[PDB]
Structures are given as structure tokens and as C-alpha cells.
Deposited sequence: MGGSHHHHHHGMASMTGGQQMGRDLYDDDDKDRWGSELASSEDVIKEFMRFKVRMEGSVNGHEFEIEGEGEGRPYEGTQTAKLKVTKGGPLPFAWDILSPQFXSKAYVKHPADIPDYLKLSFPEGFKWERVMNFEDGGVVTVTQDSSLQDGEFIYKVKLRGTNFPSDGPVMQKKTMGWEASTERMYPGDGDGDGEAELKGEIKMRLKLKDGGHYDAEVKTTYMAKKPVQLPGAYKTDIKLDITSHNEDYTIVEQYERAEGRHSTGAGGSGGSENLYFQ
């Protein structure tokens, strides 16, 4: 079912600081090499009055290269797939919460995202579009029963310095699946291209599982 080259479609319904939008894109990748690329399009609410970076990590954990003695719980969940829920807490009191339902149909993954960012100061970096990209992350993974994961993510600032987020994600597979032990996943997401006002965006993520 999960071939060595997979595609996916993704939809997000969002609103940040009260401003509602809708995003739709298509991605592709090799789920066993850890590489993927999406192309997101802003179909409603464009252009956005906030930084694209707070959205890019919500657009695909089935594409994480796992070694062989670490159960690939998210891959193994398919064809039924899984849901994740996440809560980012930024250092200036911004709060993104996401919920996602991944699933396989017709040979490609189908992503439905719902996002709600609030409390971002109107003159901080997210609302002022003063960020330019995420640093490399490392998500600590650990195990009803479900897979959980904590990250500390830095976000580069345009003028200098960083801006941090405390992320806590929770993945549940839609069917019983063997959970792994505690391990770590190394992540680096990249905006590879974008048009002027960030209404057409392309992303690249590589993720790899390893023991601590």
C-alpha cells in the first residue's frame, strides 16, 4: 500500500488572530527515504497577514525514514491512517493548535488540516512577517495508547536572533498498531520557492528516525 514513491493532497482550514483562510496543495515524496515536497496554494483569505512559517510544519509524518528495529507506527497504520493533534506555544504567548486526519485513498495520502492560531502580538514577528524559516529540529518521540512527541523549534528572525516554540504533538492510529520505544526524529523543513506575497509556496522536508 505505501509504495516507495507516494503522492498526497492536503487541505487546511485555518484562522490566525481572527483572520480566516483556506489552503490546498499537493505533495510527493519517498516515504522510506524521508524526503518530500509539497506545493501549497492559498485559495481563500489570501494574502495572509502573518508569517508563512507558522503554517509550514502542519503540511506528513508517514515520510520519516525509520531504521528497522524502530516500529514505523504511522506507516503501519495505513490504509486506514491516523490523526495527530498538536499545540505550539511560542515564546511571546502565540498559540497554534492543529488537528489532522491523514488517510490513504486511490493510491495517495489525503490530508485534512484544521488550524487555530491566537494571541500573537500584532507587532511581534509572526504578525509582522519578520521570520525567515525554521531551524533544524529534533522531535523526541515516546509512547488509549498512542505516540507522543515534544519539540523545541527555533524560528529565524529577519533582523537577527531567534523566536522559540514549544511543540507537543499526539499521533493516534485509527487501528491498533505496535508502538515504538522512545526515539528521536531529526527534521529540517525548507521553503524551496515562493511567489511574492506567499500565496504559492513550495516546501521540502527530510526526516529520519534514530535512537537517542
{"property": "Missing segments of the deposited chain sequence, listed N- to C-terminal", "result": "1-43, 103, 188-194, 264-278"}
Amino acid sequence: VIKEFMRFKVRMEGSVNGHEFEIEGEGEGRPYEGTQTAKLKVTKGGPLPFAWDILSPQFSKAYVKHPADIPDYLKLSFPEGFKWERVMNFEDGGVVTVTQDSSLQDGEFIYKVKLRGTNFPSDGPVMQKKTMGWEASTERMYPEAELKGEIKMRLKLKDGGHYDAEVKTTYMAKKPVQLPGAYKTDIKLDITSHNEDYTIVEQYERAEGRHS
From here on, numbers count along this sequence of modelled residues.
property	result
Mean Cα B-factor comparison, 33-41 or 145-153, giving the higher one as deposited	145-153
Within-chain third of residue 66 by Cα B-factor, per the entry	lowest
Third of the chain, ranked by Cα B-factor, where residue 129 sits	highest
Where the record places residue 203 (Cα B-factor, split into thirds across the chain)	lowest
Entry-reported Cα temperature factor of residue 140, expressed as the chain third it lands in	highest
For residue 168, the third of its chain into which the C-alpha B factor falls	lowest
